[PDB]
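Engineer: Below: one structure in structure tokens.
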Number of protein chains: 2
Amino acid sequence: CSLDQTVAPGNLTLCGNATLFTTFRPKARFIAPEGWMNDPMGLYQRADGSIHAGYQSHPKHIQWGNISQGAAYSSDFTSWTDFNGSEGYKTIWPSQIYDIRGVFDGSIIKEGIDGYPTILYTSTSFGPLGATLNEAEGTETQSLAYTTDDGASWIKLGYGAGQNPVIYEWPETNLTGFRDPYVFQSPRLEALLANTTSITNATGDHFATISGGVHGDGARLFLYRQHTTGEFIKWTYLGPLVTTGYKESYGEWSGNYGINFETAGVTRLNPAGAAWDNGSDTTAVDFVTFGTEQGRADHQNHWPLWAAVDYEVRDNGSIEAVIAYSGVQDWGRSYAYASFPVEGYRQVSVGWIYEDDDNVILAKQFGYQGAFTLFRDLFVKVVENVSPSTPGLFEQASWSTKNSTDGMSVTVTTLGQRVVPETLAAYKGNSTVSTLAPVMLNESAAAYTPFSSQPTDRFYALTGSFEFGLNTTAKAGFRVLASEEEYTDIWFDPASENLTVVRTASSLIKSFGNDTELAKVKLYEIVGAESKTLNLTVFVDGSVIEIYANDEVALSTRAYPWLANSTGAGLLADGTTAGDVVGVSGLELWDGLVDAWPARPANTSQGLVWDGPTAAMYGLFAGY
Amino acid sequence: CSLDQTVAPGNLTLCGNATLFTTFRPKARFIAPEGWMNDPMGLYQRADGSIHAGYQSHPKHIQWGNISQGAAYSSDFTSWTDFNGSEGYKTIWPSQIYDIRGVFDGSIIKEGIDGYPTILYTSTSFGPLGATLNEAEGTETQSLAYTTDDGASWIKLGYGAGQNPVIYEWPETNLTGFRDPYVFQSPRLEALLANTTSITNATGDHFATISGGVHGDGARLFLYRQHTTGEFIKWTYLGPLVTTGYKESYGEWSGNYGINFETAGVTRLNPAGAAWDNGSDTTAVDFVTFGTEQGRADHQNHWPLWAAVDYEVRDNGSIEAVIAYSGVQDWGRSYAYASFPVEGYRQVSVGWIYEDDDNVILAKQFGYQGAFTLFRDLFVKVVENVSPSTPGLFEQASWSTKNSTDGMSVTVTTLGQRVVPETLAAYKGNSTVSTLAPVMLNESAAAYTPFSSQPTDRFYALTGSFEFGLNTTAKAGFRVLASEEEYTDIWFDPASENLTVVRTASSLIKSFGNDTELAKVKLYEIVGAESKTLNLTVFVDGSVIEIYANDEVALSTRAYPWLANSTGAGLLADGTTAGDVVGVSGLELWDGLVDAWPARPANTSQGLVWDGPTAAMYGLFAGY
Ligand SMILES: *[C@@H]1O[C@H](CO)[C@@H](O[C@@H]2O[C@H](CO)[C@@H](O[C@@H]3O[C@H](CO[C@H]4O[C@H](CO[C@H]5O[C@H](CO)[C@@H](O)[C@H](O)[C@@H]5O[C@H]5O[C@H](CO)[C@@H](O)[C@H](O)[C@@H]5O)[C@@H](O)[C@H](O[C@H]5O[C@H](CO)[C@@H](O)[C@H](O)[C@@H]5O)[C@@H]4O)[C@@H](O)[C@H](O[C@H]4O[C@H](CO)[C@@H](O)[C@H](O)[C@@H]4O[C@H]4O[C@H](CO)[C@@H](O)[C@H](O)[C@@H]4O[C@H]4O[C@H](CO)[C@@H](O)[C@H](O)[C@@H]4O)[C@@H]3O)[C@H](O)[C@H]2NC(C)=O)[C@H](O)[C@H]1NC(C)=O
Ligand SMILES: *[C@@H]1O[C@H](CO)[C@@H](O[C@@H]2O[C@H](CO)[C@@H](O[C@@H]3O[C@H](CO[C@H]4O[C@H](CO[C@H]5O[C@H](CO)[C@@H](O)[C@H](O)[C@@H]5O[C@H]5O[C@H](CO)[C@@H](O)[C@H](O)[C@@H]5O)[C@@H](O)[C@H](O[C@H]5O[C@H](CO)[C@@H](O)[C@H](O)[C@@H]5O)[C@@H]4O)[C@@H](O)[C@H](O[C@H]4O[C@H](CO)[C@@H](O)[C@H](O)[C@@H]4O[C@H]4O[C@H](CO)[C@@H](O)[C@H](O)[C@@H]4O[C@H]4O[C@H](CO)[C@@H](O)[C@H](O)[C@@H]4O)[C@@H]3O)[C@H](O)[C@H]2NC(C)=O)[C@H](O)[C@H]1NC(C)=O
Ligand SMILES: *[C@@H]1O[C@H](CO)[C@@H](O[C@@H]2O[C@H](CO)[C@@H](O[C@@H]3O[C@H](CO[C@H]4O[C@H](CO)[C@@H](O)[C@H](O[C@H]5O[C@H](CO)[C@@H](O)[C@H](O)[C@@H]5O)[C@@H]4O)[C@@H](O)[C@H](O[C@H]4O[C@H](CO)[C@@H](O)[C@H](O)[C@@H]4O)[C@@H]3O)[C@H](O)[C@H]2NC(C)=O)[C@H](O)[C@H]1NC(C)=O
Ligand SMILES: *[C@@H]1O[C@H](CO)[C@@H](O[C@@H]2O[C@H](CO)[C@@H](O[C@@H]3O[C@H](CO[C@H]4O[C@H](CO)[C@@H](O)[C@H](O[C@H]5O[C@H](CO)[C@@H](O)[C@H](O)[C@@H]5O)[C@@H]4O)[C@@H](O)[C@H](O[C@H]4O[C@H](CO)[C@@H](O)[C@H](O)[C@@H]4O)[C@@H]3O)[C@H](O)[C@H]2NC(C)=O)[C@H](O)[C@H]1NC(C)=O
Ligand SMILES: *[C@@H]1O[C@H](CO)[C@@H](O[C@@H]2O[C@H](CO)[C@@H](O)[C@H](O)[C@H]2NC(C)=O)[C@H](O)[C@H]1NC(C)=O
Ligand SMILES: *[C@@H]1O[C@H](CO)[C@@H](O)[C@H](O)[C@H]1NC(C)=O
Ligand SMILES: *[C@@H]1O[C@H](CO)[C@@H](O)[C@H](O)[C@H]1NC(C)=O
Ligand SMILES: *[C@@H]1O[C@H](CO)[C@@H](O)[C@H](O)[C@H]1NC(C)=O
Ligand SMILES: *[C@@H]1O[C@H](CO)[C@@H](O)[C@H](O)[C@H]1NC(C)=O
Ligand SMILES: *[C@@H]1O[C@H](CO)[C@@H](O)[C@H](O)[C@H]1NC(C)=O
Ligand SMILES: *[C@@H]1O[C@H](CO)[C@@H](O)[C@H](O)[C@H]1NC(C)=O
Ligand SMILES: *[C@@H]1O[C@H](CO)[C@@H](O)[C@H](O)[C@H]1NC(C)=O
Ligand SMILES: *[C@@H]1O[C@H](CO)[C@@H](O)[C@H](O)[C@H]1NC(C)=O
Ligand SMILES: *[C@@H]1O[C@H](CO)[C@@H](O)[C@H](O)[C@H]1NC(C)=O
Ligand SMILES: *[C@@H]1O[C@H](CO)[C@@H](O)[C@H](O)[C@H]1NC(C)=O
Ligand SMILES: *[C@@H]1O[C@H](CO)[C@@H](O)[C@H](O)[C@H]1NC(C)=O
Ligand SMILES: *[C@@H]1O[C@H](CO)[C@@H](O)[C@H](O)[C@H]1NC(C)=O
Ligand SMILES: *[C@@H]1O[C@H](CO)[C@@H](O)[C@H](O)[C@H]1NC(C)=O
Ligand SMILES: *[C@@H]1O[C@H](CO)[C@@H](O)[C@H](O)[C@H]1NC(C)=O
Ligand SMILES: *[C@@H]1O[C@H](CO)[C@@H](O)[C@H](O)[C@H]1NC(C)=O
Ligand SMILES: *[C@@H]1O[C@H](CO)[C@@H](O)[C@H](O)[C@H]1NC(C)=O
């Protein structure tokens, strides 16, 4: 095993555990100190205004198992500090018959048991567990724990009748899943149900969804309401909030609803951010976010989706959320988006970016797996004065249209996503910033044009505004992590409406994924404009490539070039001519970003362990 | 619900939880503070000379579940003090994937991990568990924990490869069970195996047996040897130590070997007590003690047995313990005898006395279930100058015979059992002692003759020597817990060799067991004697009746009379005449005994709890 990054990679499978720890590792984002991580969990803003972020964690392993809450905190979403207690950076772990198989995702009741922040989480026990398996009642239940020290530790309620677990009965028969409780307050839902509280006796100020589905009959999001305010044991099942069909698809802009929901959340937004009105705000929209499984051929069978919904009240005192339009929250290798309220009327969302090593070829050599996305402000994106001649505009697939009185212009409404401003400000201010001259891409444009200033390592951000003719067939974008032999190409093709990430040349190491990523992007044409504009922002962070387009479209992926000098970046151009020109402006490189974990040394590996022969005997965890 | 013990019992099922806590409760013996208990476990003499006694425990329930080690200590086997830590009187509890289903029986390595006392115990996980079920490998494994504070707490080794559990592979296929590790040192076994250590590489100074059997093919005791001295992870399977047939019986004096072993131990004894020689002591005998299951129609299908064994060395460097003769360690409602070494060359044995409420009718009203037997010194009982005309003497069923040179007398050898002298001394010295005049039982004897001094409560001991003619057909014994309407009759019938406990009148409460207990007792006739003598000792302790005959035969049972005055005792006589006389001498009543738990209030109930609906979902524990 050689770690010489000036020559071709050898057989890296011969390398020891965590010998590749720093090689591809993100530095500017949320990531576990070591080992396996997946979904964000237990997210809340603490009383001092700082952010608590939990995550599904399995230390000293590179596959999922014994799933626990790892935790850290931040004053700015950007610079983080690990908790350090008796179990290192873990704060909740399997410990009881009801959760011994794993402490799955959970969410926060800010004012819970005895006034303390309280997590409602999926407590798992023995038995077949999975959407394609024959799961039985009891395998997934929902349990409570509370913290008296701001997330340094959690105290679970006792096991038993009238205690943990608090939700255990399946609300419907033959579930494909029953997990990831999402607890939230909703003046909107309270207002809607106020006339029906006699039917159910449920009058609490907290609601909770549980994600699942029904065998052979599609996914379900189940709605519960806290039964009495200030009391946290009794949760009353109202009915299914979201019901979708078996592998139903809303279309090309909306992924696939699969067979089972995971990690669903419920929010209400307006153009500024989070909306806390009862329905009185006409600019506010109700949204559901949700992961779906087994409706995708690749991306570990997984779609992170969202839908705008209109609530109807059922005669039995429950809520049907009718999908008005439906989109995708990230088009790439990410999943399990959790969102949470933040001061100043904000709703902040964050997900999990998995690796692209599905055959587990270099995982042990990494000594870790997984990172978070960036933290994203959610809001209602409103585009005014849209041209009715925008191709496919009235399909209204993952947006809504409203005509002007005279029918000459359109207002477009959709879900907006933007990186939290604290992260952008910190990234910019800590970077070497190069403001680049505008570039016209025409007949003289090479396929690849390096920027006049170049990155110095694998930690940078790029931004650009790409102006296209209304009938263009040209393609343009960004090449990143680039040397002569290795590079990752981010293309936009307005004629097809396709944003692609081409990874055939991303790395000389052949075991990593190399399939092309794809997002759909609608360029809403503005009345009187003779062009259409794509605003592209790209974050490069070790192996993470995280792409944002127009405060709307997100695509997270991975590239693992071996060569030390595969760090370059520049402009891509295809089919640009004297007549078909792409104007590129607002160009900027941020080199360096932020060291997100200042207290951590470069190598935080603690080695890897094997569970031994009993792992296969129990059959619950891979064991490594 | 009335608790008036001067009138007939009402419907006691209407009584609240633990309302009958003190009514039938033993006061003079080892018992949990409340709730469910079974097997003794983790027994050892600590460095300060005091005794550590653990027990299978389920607080706040009256059925088995979440099985844990409860613990206490004593300087004299007699007066006890509970440990009190973070988990009350528990010191080990289910906490890990490998033992979450129950912390089953374990035994002590006195000088273990880092020199600390160390428990090897059965760690149980999910799956069918039982001799009549289809158990799989991994459901029962063996794990280590050590104590740095003399049993106040235990630290388990980590889960994983080269750590817990330390024994997990089944040594043979299709086991009926794989539990209750018994760790011991044996100069005898070391001497026997010293020539074969090249075959196995196992050279440690500790051995361990694990109890089980093979489906359809009888019980097995499996022998392991510590692989290297001073190292506790690696235990090498040698071979089956004891192999018996499917429901094989050695005869009327030996119970039944059933289908599966539980709680087996290995010891070596001489006439004085424990023997620690390599084989050089000609007066020493090797013994195995073991519980067997599913070979009895009643007594929860359970026999607590013992056998004298002769070891043979196999060619593969293992030991076959060949049964020389085989007996019963207690004939009544007791099981799971554990034995342990004690200073001054002693081997002390103690078991579990279950209740006689198998339909669980008044268990909740009790608020507890179970107690220990008394602690018993084990030794080789030797009877000299035995008459060759003793009926059935040369059957040698649960004893050995050796002829004198001239063939005119016999030496009988058997397993001896006697209550530890510390308990007898403390009991006697704290009691009101009445030494009673000898009584001849003849033609003038009533069926029942009360003693001239009477007990004052349900806590007393009786002793007597019953002298019978060699061809008697008379019966004599003791009546205890007696008023006019309720009483328990302990009879010996030399003609049949049967010691019975007749319980048809034990209680007015009909839900308690009332079947007749039976022990076999061999009266070894002495050369030149014109009579044969039974020495009977009876302990009455709340509901426990514990009977000892001749420092050999033990029978533990239960009686639950309702009436406050059902406390009387006296002599029983049947078919005594002018010609067939029973001489009773050495008669003594000890009224009061010892308060075994001086720090405990009379009512140590903490209420009872229900596990809720998930108990039936998990299917592991009754839930109450
Ligand atoms: C199988 O057996 C298992 C083992 O028994 C069993 O698990 C155990 O279950 C029990 C029962 O549910 C649990 O007991 C609860 O514990 C809660 C606290 O838990 C935390 O703290 C304990 C103890 O902490 C001490 O010890 C540890 C270990 O040494 C130290 O690390 C600590 O620093 C601390 O040490 C100090 O104290 C010691 C003495 O205790 C001293 O020795 C020492 O010097 C120190 O000073 C920890 O062990 C726990 O850790 C475990 O669990 C966490 C998850 O929670 C894991 O992460 C971890 O790995 C461990 O596994 C944990 O940190 C108690 O709060 C709780 O008591 C409340 O509930 C019960 C009812 O259920 C009530 O009777 C009781 O009165 C309490 O309720 C009151 O208080 C709360 C909060 O204040 C209120 O919300 C409530 O309304 C109520 O209020 C009342 O009083 C008010 C105030 O006066 C009044 O105003 C009100 O009006 C009202 O009346 C309970 O005791 C136990 O933790 C489990 N243990 C383990 C190891 O798992 C398992 O379930 C069994 N399984 C089955 C299937 O049966
Ligand atoms: C799923 O996830 C689970 C959660 O992570 C996981 O369970 C955990 O597994 C890990 C890994 O096995 C366990 O970690 C071990 O812990 C042992 C000690 O365990 C006891 O103590 C801890 C911590 O105690 C503190 O905290 C509690 C809680 O607050 C307090 O109550 C205590 O009072 C104490 O508090 C003080 O310290 C705190 C900081 O830690 C302070 O905050 C505080 O202020 C106090 O001052 C307890 O939590 C444990 O309780 C749990 O377990 C018991 C049963 O054991 C239960 O009854 C209970 O309910 C709880 O569940 C427990 O009491 C460590 O000894 C051990 O470390 C050794 O082993 C590892 C290798 O495995 C080595 O890396 C390490 O170096 C240590 O080895 C050395 O030391 C030993 C002994 O000294 C030697 O024998 C050994 O040879 C070696 O010697 C070396 O050093 C020598 C000396 O210098 C040298 O001479 C030698 O040459 C040599 O180099 C390890 O850390 C952890 O306990 C589990 N936790 C729980 C909650 O279960 C689970 O397995 C996962 N499941 C799966 C399937 O994956
Ligand atoms: C005395 O000690 C007991 C512990 O043994 C304490 O708890 C009670 O235990 C018994 C079992 O011993 C439980 O009985 C079972 O009850 C269920 C149905 O329960 C439902 O209805 C009850 C009656 O109104 C109600 O109290 C229950 O409420 C509790 O539980 C729910 C969760 O379900 C929880 O949300 C609440 O907060 C309460 O904690 C509950 O709604 C019944 O199905 C069982 O039947 C089975 O058992 C028998 C034998 O097999 C059989 O007849 C059936 O066929 C079936 O198989 C069983 O009867 C009882 O519910 C527990 N009560 C509780 C927890 O309050 C008890 O509290 C102690 N008393 C005192 C005064 O402290
Ligand atoms: C690096 O990180 C790993 C953790 O990932 C550390 O531990 C090793 O993990 C791997 C899995 O990643 C284990 O490999 C498995 O090994 C078994 C056979 O193991 C036996 O033989 C080994 C080789 O000599 C030996 O080291 C083992 O000894 C350990 O375990 C025993 C208990 O069995 C214990 O008593 C010892 O004390 C040791 O702890 C053991 O005797 C093999 O069956 C597995 O094969 C499966 O996996 C693959 C993929 O499915 C497949 O090819 C097979 O078909 C099969 O399904 C698997 O290969 C390895 O045993 C672990 N080694 C240990 C614990 O020492 C590793 O130590 C870290 N290195 C460093 C330097 O820290
Ligand atoms: C019954 O108990 C008596 C009293 O202990 C036993 O008689 C004693 O036997 C020993 C010999 O082992 C003598 O040292 C004593 O002098 C005897 N005491 C007497 C006669 O009072 C007797 O052996 C016991 N019988 C049985 C069958 O066990
Ligand atoms: C790389 O090494 C592995 C062992 O980790 C081996 O199985 C594989 O064949 C090697 N690849 C080569 C020689 O191309
Ligand atoms: C990182 O640390 C681990 C654990 O000490 C070690 O095994 C590994 O070799 C280290 N890797 C690098 C690249 O330093
Ligand atoms: C309420 O009605 C809906 C739609 O018919 C149904 O799916 C749900 O189960 C009902 N809720 C109940 C019975 O609590
Ligand atoms: C650099 O990053 C830190 C951590 O996020 C931030 O607080 C600080 O303001 C940044 N410095 C700037 C913008 O100059
Ligand atoms: C075409 O592109 C080059 C490079 O941006 C530029 O110098 C040139 O002026 C452009 N041509 C026209 C006609 O604008
Ligand atoms: C980068 O490194 C490679 C391999 O060492 C080398 O061939 C090349 O000249 C360097 N520069 C590039 C590709 O721009
Ligand atoms: C654009 O993407 C769609 C899938 O949404 C695909 O069918 C089509 O072939 C793509 N077109 C081009 C030119 O890439
Ligand atoms: C991409 O990976 C696949 C393995 O599935 C391989 O067949 C192919 O050659 C790779 N593409 C390259 C090197 O461009
Ligand atoms: C005693 O009370 C129980 C209720 O605990 C009842 O089921 C039973 O029939 C009663 N027995 C009678 C009236 O004999
Ligand atoms: C004993 O204590 C328990 C728990 O406090 C109580 O429920 C029960 O009624 C008491 N029983 C008696 C006989 O005092
Ligand atoms: C040693 O021999 C005995 C008797 O044949 C056998 O039962 C046992 O399994 C053997 N031990 C081994 C293979 O370790
Ligand atoms: C009474 O019992 C205690 C506790 O076992 C014991 O230490 C004491 O010696 C006894 N008193 C006597 C025999 O006078
Ligand atoms: C028969 O028994 C009684 C009572 O023990 C006694 O008084 C009487 O002397 C006995 N008879 C003979 C002949 O010993
Ligand atoms: C004992 O109590 C019962 C019931 O109160 C009474 O009938 C009897 O006279 C008393 N004495 C006895 C049975 O010796
Ligand atoms: C004595 O016990 C045996 C069982 O060991 C039984 O068969 C026999 O009937 C009994 N005899 C009497 C008289 O009780
Ligand atoms: C003993 O209990 C049984 C219940 O199995 C009952 O039929 C019988 O009458 C009881 N014996 C008495 C009261 O002597």
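Chain labels A, B, ... are given in the sequence in which chains occur in the structure tokens; within each chain residues are numbered consecutively from 1, and ligands are likewise numbered from 1 in the order shown.
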Set the distance at 6 Å and use only C-alpha atoms: which residues neighbour residue 166 (chain B) once local chain neighbours fewer than 2 positions away are removed? I'd like the list as a PyMOL selection string.
Structural biologist: chain B and resi 142-143+163-164+233
Engineer: Taking the backbone alone, and naming residues the way the document does, which bits of region 314-525 of chain A are strand (DSSP E or B) by DSSP, as an MDAnalysis selection string?
Structural biologist: chainID A and resid 319:328 334:342 346:353 368:369 371:372 376:386 400:403 410:419 432:435 439:441 448:450 459:469 475:482 488:493 498:502 517:520
Engineer: When you draw a straight line from atom 9 (O, counted along the ligand's line) of ligand 18 to CA of residue 463 (chain B), how long is it in Å?
Structural biologist: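 Result for atom 9 (O, counted along the ligand's line) of ligand 18 versus CA of residue 463 (chain B): 22.1 Å, one decimal.
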Engineer: Using only C-alpha atoms, which protein or nucleic acid residues come within 7 Å of region 296-307 of chain B? Drop anything in the same chain fewer than 4 positions from it, and give the result as a list in words.
Structural biologist: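 With the cut-off at 7 Å, the set is residues 255, 256, 287, 288, 289, 290, 291, 292, 323, 325, 326, 327, 328, 329, 330, 333, 335 and 336 of chain B.
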Engineer: For N, CA, C and O atoms, I'd like the residues from the last selection saved as a PDB file, in the first residue's frame.
Structural biologist:
ATOM      1  N   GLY B 255     -34.461 -40.265  41.006  1.00  0.00           N
ATOM      2  CA  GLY B 255     -35.254 -39.392  40.137  1.00  0.00           C
ATOM      3  C   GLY B 255     -35.191 -39.838  38.686  1.00  0.00           C
ATOM      4  O   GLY B 255     -35.188 -41.038  38.390  1.00  0.00           O
ATOM      5  N   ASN B 256     -35.125 -38.866  37.786  1.00  0.00           N
ATOM      6  CA  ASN B 256     -35.069 -39.114  36.351  1.00  0.00           C
ATOM      7  C   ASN B 256     -34.134 -38.096  35.701  1.00  0.00           C
ATOM      8  O   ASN B 256     -34.148 -36.908  36.056  1.00  0.00           O
ATOM      9  N   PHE B 287     -18.043 -35.703  42.697  1.00  0.00           N
ATOM     10  CA  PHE B 287     -19.495 -35.564  42.585  1.00  0.00           C
ATOM     11  C   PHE B 287     -19.872 -34.548  41.522  1.00  0.00           C
ATOM     12  O   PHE B 287     -19.187 -33.536  41.343  1.00  0.00           O
ATOM     13  N   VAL B 288     -20.971 -34.823  40.835  1.00  0.00           N
ATOM     14  CA  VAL B 288     -21.621 -33.825  39.983  1.00  0.00           C
ATOM     15  C   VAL B 288     -23.005 -33.586  40.586  1.00  0.00           C
ATOM     16  O   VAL B 288     -23.641 -34.537  41.042  1.00  0.00           O
ATOM     17  N   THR B 289     -23.437 -32.327  40.653  1.00  0.00           N
ATOM     18  CA  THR B 289     -24.831 -31.999  41.003  1.00  0.00           C
ATOM     19  C   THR B 289     -25.473 -31.398  39.766  1.00  0.00           C
ATOM     20  O   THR B 289     -24.791 -30.744  38.981  1.00  0.00           O
ATOM     21  N   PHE B 290     -26.770 -31.633  39.566  1.00  0.00           N
ATOM     22  CA  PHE B 290     -27.442 -31.151  38.355  1.00  0.00           C
ATOM     23  C   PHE B 290     -28.955 -31.190  38.464  1.00  0.00           C
ATOM     24  O   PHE B 290     -29.518 -32.103  39.070  1.00  0.00           O
ATOM     25  N   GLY B 291     -29.598 -30.193  37.866  1.00  0.00           N
ATOM     26  CA  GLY B 291     -31.035 -30.213  37.675  1.00  0.00           C
ATOM     27  C   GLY B 291     -31.360 -30.868  36.350  1.00  0.00           C
ATOM     28  O   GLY B 291     -30.610 -30.733  35.386  1.00  0.00           O
ATOM     29  N   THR B 292     -32.465 -31.603  36.307  1.00  0.00           N
ATOM     30  CA  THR B 292     -32.939 -32.188  35.055  1.00  0.00           C
ATOM     31  C   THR B 292     -34.371 -31.724  34.829  1.00  0.00           C
ATOM     32  O   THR B 292     -35.109 -31.499  35.791  1.00  0.00           O
ATOM     33  N   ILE B 323     -21.016 -42.368  35.928  1.00  0.00           N
ATOM     34  CA  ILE B 323     -21.860 -42.393  37.126  1.00  0.00           C
ATOM     35  C   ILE B 323     -21.684 -43.724  37.884  1.00  0.00           C
ATOM     36  O   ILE B 323     -21.921 -44.800  37.322  1.00  0.00           O
ATOM     37  N   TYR B 325     -22.966 -44.044  41.299  1.00  0.00           N
ATOM     38  CA  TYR B 325     -24.279 -44.085  41.933  1.00  0.00           C
ATOM     39  C   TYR B 325     -24.876 -42.674  41.930  1.00  0.00           C
ATOM     40  O   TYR B 325     -24.159 -41.687  41.745  1.00  0.00           O
ATOM     41  N   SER B 326     -26.189 -42.585  42.134  1.00  0.00           N
ATOM     42  CA  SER B 326     -26.926 -41.383  41.758  1.00  0.00           C
ATOM     43  C   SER B 326     -28.091 -41.169  42.708  1.00  0.00           C
ATOM     44  O   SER B 326     -28.903 -42.078  42.916  1.00  0.00           O
ATOM     45  N   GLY B 327     -28.183 -39.966  43.267  1.00  0.00           N
ATOM     46  CA  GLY B 327     -29.236 -39.646  44.221  1.00  0.00           C
ATOM     47  C   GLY B 327     -29.946 -38.335  43.946  1.00  0.00           C
ATOM     48  O   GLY B 327     -29.841 -37.762  42.855  1.00  0.00           O
ATOM     49  N   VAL B 328     -30.669 -37.877  44.959  1.00  0.00           N
ATOM     50  CA  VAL B 328     -31.536 -36.718  44.886  1.00  0.00           C
ATOM     51  C   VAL B 328     -31.077 -35.721  45.956  1.00  0.00           C
ATOM     52  O   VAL B 328     -30.882 -36.104  47.115  1.00  0.00           O
ATOM     53  N   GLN B 329     -31.010 -34.516  45.517  1.00  0.00           N
ATOM     54  CA  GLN B 329     -30.501 -33.534  46.485  1.00  0.00           C
ATOM     55  C   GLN B 329     -31.625 -32.893  47.313  1.00  0.00           C
ATOM     56  O   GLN B 329     -31.457 -32.643  48.514  1.00  0.00           O
ATOM     57  N   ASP B 330     -32.785 -32.811  46.826  1.00  0.00           N
ATOM     58  CA  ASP B 330     -33.982 -32.439  47.574  1.00  0.00           C
ATOM     59  C   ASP B 330     -35.190 -33.043  46.868  1.00  0.00           C
ATOM     60  O   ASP B 330     -35.307 -32.965  45.645  1.00  0.00           O
ATOM     61  N   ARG B 333     -40.250 -29.236  46.589  1.00  0.00           N
ATOM     62  CA  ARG B 333     -40.453 -28.116  45.682  1.00  0.00           C
ATOM     63  C   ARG B 333     -39.246 -27.174  45.635  1.00  0.00           C
ATOM     64  O   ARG B 333     -39.370 -25.965  45.849  1.00  0.00           O
ATOM     65  N   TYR B 335     -35.170 -26.531  43.550  1.00  0.00           N
ATOM     66  CA  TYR B 335     -34.423 -26.730  42.309  1.00  0.00           C
ATOM     67  C   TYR B 335     -33.219 -25.786  42.284  1.00  0.00           C
ATOM     68  O   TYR B 335     -33.103 -24.900  43.143  1.00  0.00           O
ATOM     69  N   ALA B 336     -32.340 -25.991  41.299  1.00  0.00           N
ATOM     70  CA  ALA B 336     -31.266 -25.056  40.957  1.00  0.00           C
ATOM     71  C   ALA B 336     -30.299 -24.854  42.113  1.00  0.00           C
ATOM     72  O   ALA B 336     -30.029 -23.724  42.536  1.00  0.00           O
TER      73      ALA B 336
END
Engineer: Let me see if you get this right: every residue at most 8 Å from ligand 18, counting only C-alpha atoms and all ligand atoms, written as a ChimeraX atom specification.
Structural biologist: /B:438-445,578
